[PDB]
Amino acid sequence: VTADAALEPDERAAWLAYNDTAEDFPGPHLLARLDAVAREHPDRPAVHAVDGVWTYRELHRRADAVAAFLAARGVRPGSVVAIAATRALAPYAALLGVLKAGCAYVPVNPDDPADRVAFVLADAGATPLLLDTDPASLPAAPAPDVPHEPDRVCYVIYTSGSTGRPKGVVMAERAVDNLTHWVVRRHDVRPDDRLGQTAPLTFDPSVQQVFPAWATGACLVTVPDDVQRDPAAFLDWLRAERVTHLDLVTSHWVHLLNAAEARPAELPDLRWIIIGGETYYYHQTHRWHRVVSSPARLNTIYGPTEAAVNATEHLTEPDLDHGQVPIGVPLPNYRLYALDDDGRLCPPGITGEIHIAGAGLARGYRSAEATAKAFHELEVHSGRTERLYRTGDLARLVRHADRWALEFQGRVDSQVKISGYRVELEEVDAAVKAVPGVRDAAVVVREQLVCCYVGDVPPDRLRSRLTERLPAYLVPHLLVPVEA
């Protein structure tokens, strides 16, 4: 009957301990806390981007203007509004203004292929108004009279792992608020802190940096594009900007580790790196702490976009020099289960598929079929019926110190990660084959994405055709013409 029906008392008790994660956070709701910070600390720096720094007062004034513009154009609460994901100040006024309007933002990279942007706008139900005029230059206005409704949708963010099937993750306020409370409390975020935003606004670790900054009076510091793809410069930038908290995808951090080994770094202001996405090992994190002089701790995280950025955390020990870093324990108000093909709860130590329950779950996807294929209901324990997100991820529950922890064990499908982004390799194959002149092609990951192709298209003209067809991070780093 129940998923745990076959387990022995000892085995059942391990899961009950693992998922004993409830935590009540004091109100008010997220946007109310953002307004309170702006009221109490108008003069503090709220966002530092490529074209300047805005105080809390200025950020909220610019957002008020966006919110008033949206209402004037008939965009009522409960609408979805695209924002152009750049590294300037404007998108921050745009996304905060969308929220102040009672709406949800969908971040769009204006450099993405036009066909993919068109799908996102259609699937998200989103207006492009703020893609077509500068949100930071809208006429000054007070914020419109928008009443608080509980659990409003906050953002729609797109994920793949399925070519021709982008899916829009619909994330609502209680999940984002729960996540924000966790970031602030776990990582001791304080008003004088400077939270770097490595991820673009199209990738959800940006949520993890932006809202904890603005909910505390700290400064959100966008990581410039020119600095990121230069690991040595990124290390120096972290020092120069006195960054205290940082998001990193595993593969990006490995590049930083290599840069630090070339030139050991001192990062006295860095306290937290929230890192994850791919499996990594204590022999890598031990190397890191050998060449980085810093109080910075690595908080290893796991989780899908469908459960509000992160679902589990493990504080990475600097002592250990061998073995796989576990993904750890659930975030507050998260519960996770490893289930077999039949939906039974796996005993501790047995590998099953992760299903996630709790406060972090998305409403679903914009698409009904995708929602029905991944979100479901199951009585996992007697008297505990869960709404669950089926992840496609594999893990087992293991002992680590005097505690139960999940250990990640791979995927079910052949979805891989390119610079932290979910992708099916067959999509890049299909794109290069759709270029005129290219007959056959094979794409491989050597992090570095590589492509071999047959045809008389020079790699520089193929690149130009692929940039118009693929997002920049899917355009292969090198393009090798081969005869066969």
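Sequential numbering from 1, following the sequence displayed.
For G164, the record comparison shows coordinates absent in at least a third of the other entries of this protein that model its neighbours. According to the entry, the deposited sequence has 4 to 9 residues without coordinates between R446 and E447. When the mean C-alpha temperature factors of 139 to 147 and 325 to 333 are read from the deposited coordinates, 139 to 147 comes out higher.
Taking the mean C-alpha B-factor of each stretch as recorded, 282 to 290 and 179 to 187 are not equal, and the higher mean is that of 282 to 290. For the set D413, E386, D204, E313, the PDB entry assigns the largest Cα B-factor to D413. Comparing the C-alpha B-factors of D51, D35, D64, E424 in the entry, the top value falls on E424. Among all modelled residues in this chain, the alpha-carbon of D440 has a temperature factor (C-alpha) in the highest third. Residue-level temperature factors show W272 in the lowest third of its chain, judged at the C-alpha atom. In the deposited entry, the Cα temperature factor of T163 sits in the top third of values across the chain's modelled residues.
When the modelled residues of the chain are ordered by C-alpha B-factor, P458 sits in the highest third.
Among all modelled residues in this chain, the alpha-carbon of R39 has a temperature factor (C-alpha) in the middle third.
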